[PDB]
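Some notes on the structure that comes next.
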There are 2 protein chains.
Amino acid sequence: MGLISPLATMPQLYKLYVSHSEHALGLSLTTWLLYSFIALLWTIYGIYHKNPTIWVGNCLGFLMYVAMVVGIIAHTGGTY
Amino acid sequence: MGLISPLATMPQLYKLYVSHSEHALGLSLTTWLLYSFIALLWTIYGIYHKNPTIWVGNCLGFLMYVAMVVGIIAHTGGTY
């Protein structure tokens, strides 16, 4: 599912950026850092079994989520 | 961590709604449905062991994520 869910992100990327930029995600810088850890956190949990499933979706998720989050943050350079 | 990450959502809820509404999340209706399944999907996986850890964070995550997603969707009633 994690592999198929990035497919619905094809327009989310363009839509998000096209729809706006300063309020595209409406996320805070502090929250961004916490969110990033969560994505990687799941990967570490899976690594424990020396075979993380989430790692597959993590790559796409981390990149996709980060691209959107950084997009808004980079647009205003600030969030507060 | 999932229990502590909702804490950084205290201003995200107000910030997101206050920051905007039509472009608060910039998410699509179709994506919203897929996203909802992902949250619940993790819960089902954990249920398999008759002890889901994510279930704890799932409640807060699902409610928090849904509240923001529905907020933008309900604001415009459409996303495209």
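Residues in the structure tokens are named by chain (A, B, ... in the order shown) and by number from 1 within that chain; ligands are numbered from 1 in the order shown.
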Residues of chain B no more than 6 Å from chain A, counting only C-alpha atoms: send them over as a PyMOL selection string.
-> chain B and resi 8+16+23-26+31
Deliver the residues from the most recent selection as a file, using N, CA and C atoms, as a tab-separated table (two decimals), in the first residue's frame.
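File produced: result_38.tsv:
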chain	number	residue	atom	x	y	z
B	8	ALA	N	3.28	18.70	19.69
B	8	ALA	CA	3.71	19.72	18.75
B	8	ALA	C	2.59	20.08	17.78
B	16	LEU	N	-2.79	25.89	11.42
B	16	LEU	CA	-3.28	25.47	10.13
B	16	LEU	C	-4.59	26.17	9.78
B	23	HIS	N	-6.32	26.35	1.34
B	23	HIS	CA	-5.00	25.79	1.03
B	23	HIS	C	-4.29	25.36	2.30
B	24	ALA	N	-5.05	25.15	3.37
B	24	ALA	CA	-4.44	24.78	4.64
B	24	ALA	C	-3.61	23.50	4.50
B	25	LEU	N	-4.19	22.47	3.88
B	25	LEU	CA	-3.46	21.21	3.69
B	25	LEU	C	-3.07	21.02	2.22
B	26	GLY	N	-3.88	21.59	1.33
B	26	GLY	CA	-3.61	21.46	-0.09
B	26	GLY	C	-3.69	19.99	-0.51
B	31	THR	N	-6.88	11.61	-2.21
B	31	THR	CA	-5.72	11.37	-1.36
B	31	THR	C	-6.14	11.26	0.10
Point-to-point distance in Å for CA of residue 43 (chain B) and CA of residue 72 (chain B) =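 Going from CA of residue 72 (chain B) over to CA of residue 43 (chain B) covers 25.1 Å.
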From chain B, collect each residue whose DSSP state is alpha helix (DSSP H) and return the set as JSON, numbers by chain.
-> {"B": [10, 11, 12, 13, 14, 15, 16, 17, 18, 19, 29, 30, 31, 32, 33, 34, 35, 36, 37, 38, 39, 40, 41, 42, 43, 44, 45, 46, 47, 54, 55, 56, 57, 58, 59, 60, 61, 62, 63, 64, 65, 66, 67, 68, 69, 70, 71, 72, 73, 74, 75, 76]}
Pull N, CA and C atoms from the residues just selected and write them as a compact mmCIF listing (two decimals), in the first residue's frame.
# COMPACT_ATOMS: atom_id res chain seq x y z
N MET B 10 -0.42 21.02 18.98
CA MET B 10 -1.21 22.01 19.67
C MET B 10 -1.29 23.27 18.81
N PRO B 11 -0.20 23.78 18.28
CA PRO B 11 -0.35 25.00 17.47
C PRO B 11 -0.61 24.68 16.01
N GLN B 12 -0.29 23.47 15.59
CA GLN B 12 -0.51 23.09 14.21
C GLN B 12 -2.00 23.17 13.89
N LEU B 13 -2.84 22.75 14.83
CA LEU B 13 -4.28 22.78 14.61
C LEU B 13 -4.75 24.22 14.41
N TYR B 14 -4.41 25.08 15.37
CA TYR B 14 -4.79 26.48 15.29
C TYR B 14 -4.05 27.18 14.16
N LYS B 15 -2.76 26.90 14.04
CA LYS B 15 -1.95 27.52 13.01
C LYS B 15 -2.49 27.16 11.63
N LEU B 16 -2.79 25.89 11.42
CA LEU B 16 -3.28 25.47 10.13
C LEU B 16 -4.59 26.17 9.78
N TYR B 17 -5.54 26.13 10.70
CA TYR B 17 -6.83 26.76 10.47
C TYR B 17 -6.68 28.28 10.37
N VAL B 18 -5.89 28.85 11.28
CA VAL B 18 -5.66 30.30 11.29
C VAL B 18 -4.88 30.74 10.06
N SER B 19 -3.85 29.97 9.71
CA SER B 19 -3.02 30.31 8.56
C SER B 19 -3.86 30.37 7.30
N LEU B 29 -9.24 15.14 -2.34
CA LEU B 29 -10.25 14.29 -1.73
C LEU B 29 -9.87 12.82 -1.85
N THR B 30 -9.39 12.44 -3.03
CA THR B 30 -8.99 11.06 -3.26
C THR B 30 -7.82 10.68 -2.36
N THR B 31 -6.88 11.61 -2.21
CA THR B 31 -5.72 11.37 -1.36
C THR B 31 -6.14 11.26 0.10
N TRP B 32 -7.13 12.05 0.49
CA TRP B 32 -7.61 12.01 1.86
C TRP B 32 -8.08 10.60 2.21
N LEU B 33 -8.83 9.99 1.31
CA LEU B 33 -9.34 8.65 1.56
C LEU B 33 -8.18 7.66 1.71
N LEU B 34 -7.20 7.78 0.82
CA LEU B 34 -6.04 6.90 0.86
C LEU B 34 -5.26 7.10 2.15
N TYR B 35 -5.09 8.36 2.55
CA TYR B 35 -4.36 8.68 3.76
C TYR B 35 -5.04 8.07 4.98
N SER B 36 -6.37 8.16 5.02
CA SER B 36 -7.14 7.62 6.13
C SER B 36 -6.88 6.13 6.29
N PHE B 37 -6.86 5.41 5.17
CA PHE B 37 -6.62 3.98 5.20
C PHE B 37 -5.24 3.67 5.77
N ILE B 38 -4.25 4.48 5.41
CA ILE B 38 -2.90 4.26 5.89
C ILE B 38 -2.86 4.31 7.41
N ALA B 39 -3.52 5.30 8.00
CA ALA B 39 -3.53 5.43 9.45
C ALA B 39 -4.13 4.18 10.09
N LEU B 40 -5.28 3.76 9.58
CA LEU B 40 -5.96 2.58 10.09
C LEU B 40 -5.20 1.31 9.71
N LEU B 41 -4.54 1.35 8.56
CA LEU B 41 -3.80 0.19 8.08
C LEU B 41 -2.75 -0.24 9.09
N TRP B 42 -2.02 0.73 9.63
CA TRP B 42 -0.98 0.42 10.60
C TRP B 42 -1.60 -0.23 11.84
N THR B 43 -2.79 0.22 12.20
CA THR B 43 -3.49 -0.33 13.35
C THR B 43 -3.79 -1.81 13.15
N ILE B 44 -4.26 -2.15 11.95
CA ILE B 44 -4.60 -3.54 11.65
C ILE B 44 -3.35 -4.42 11.75
N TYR B 45 -2.24 -3.93 11.22
CA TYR B 45 -0.99 -4.68 11.26
C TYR B 45 -0.63 -5.01 12.70
N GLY B 46 -0.74 -4.01 13.57
CA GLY B 46 -0.43 -4.20 14.98
C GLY B 46 -1.42 -5.15 15.65
N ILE B 47 -2.69 -5.09 15.21
CA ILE B 47 -3.74 -5.95 15.78
C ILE B 47 -3.39 -7.42 15.57
N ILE B 54 0.88 1.13 17.61
CA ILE B 54 0.47 2.28 16.80
C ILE B 54 -0.94 2.72 17.14
N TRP B 55 -1.73 1.79 17.65
CA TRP B 55 -3.11 2.11 17.99
C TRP B 55 -3.15 3.33 18.92
N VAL B 56 -2.20 3.41 19.83
CA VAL B 56 -2.18 4.54 20.76
C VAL B 56 -1.99 5.85 20.00
N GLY B 57 -1.00 5.89 19.12
CA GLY B 57 -0.73 7.08 18.31
C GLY B 57 -1.76 7.24 17.20
N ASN B 58 -2.34 6.12 16.78
CA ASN B 58 -3.32 6.13 15.69
C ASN B 58 -4.53 6.97 16.06
N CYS B 59 -4.98 6.84 17.30
CA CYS B 59 -6.14 7.60 17.74
C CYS B 59 -5.88 9.09 17.61
N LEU B 60 -4.76 9.54 18.18
CA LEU B 60 -4.40 10.95 18.11
C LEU B 60 -4.06 11.37 16.69
N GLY B 61 -3.31 10.52 15.99
CA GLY B 61 -2.92 10.82 14.62
C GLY B 61 -4.13 10.91 13.71
N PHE B 62 -4.96 9.87 13.74
CA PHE B 62 -6.15 9.84 12.90
C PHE B 62 -7.03 11.06 13.16
N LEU B 63 -7.30 11.34 14.43
CA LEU B 63 -8.14 12.47 14.77
C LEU B 63 -7.49 13.79 14.34
N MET B 64 -6.20 13.94 14.66
CA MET B 64 -5.50 15.18 14.32
C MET B 64 -5.40 15.37 12.81
N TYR B 65 -4.95 14.33 12.11
CA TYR B 65 -4.81 14.42 10.66
C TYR B 65 -6.16 14.63 10.00
N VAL B 66 -7.15 13.87 10.44
CA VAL B 66 -8.48 13.97 9.86
C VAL B 66 -9.06 15.37 10.08
N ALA B 67 -8.89 15.90 11.29
CA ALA B 67 -9.43 17.22 11.61
C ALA B 67 -8.86 18.29 10.67
N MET B 68 -7.58 18.18 10.36
CA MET B 68 -6.95 19.14 9.47
C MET B 68 -7.40 18.92 8.02
N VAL B 69 -7.43 17.65 7.60
CA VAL B 69 -7.81 17.31 6.24
C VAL B 69 -9.26 17.69 5.96
N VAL B 70 -10.15 17.33 6.87
CA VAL B 70 -11.56 17.65 6.70
C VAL B 70 -11.76 19.16 6.79
N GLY B 71 -10.91 19.82 7.57
CA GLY B 71 -11.02 21.27 7.73
C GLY B 71 -10.90 21.97 6.39
N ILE B 72 -9.86 21.64 5.63
CA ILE B 72 -9.67 22.24 4.32
C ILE B 72 -10.74 21.78 3.33
N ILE B 73 -11.06 20.49 3.36
CA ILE B 73 -12.06 19.95 2.44
C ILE B 73 -13.42 20.57 2.72
N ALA B 74 -13.77 20.68 3.99
CA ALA B 74 -15.06 21.25 4.36
C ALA B 74 -15.11 22.74 4.05
N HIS B 75 -13.95 23.39 4.09
CA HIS B 75 -13.88 24.82 3.83
C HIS B 75 -14.26 25.13 2.38
N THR B 76 -13.72 24.36 1.44
CA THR B 76 -14.01 24.57 0.02
C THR B 76 -15.03 23.54 -0.48
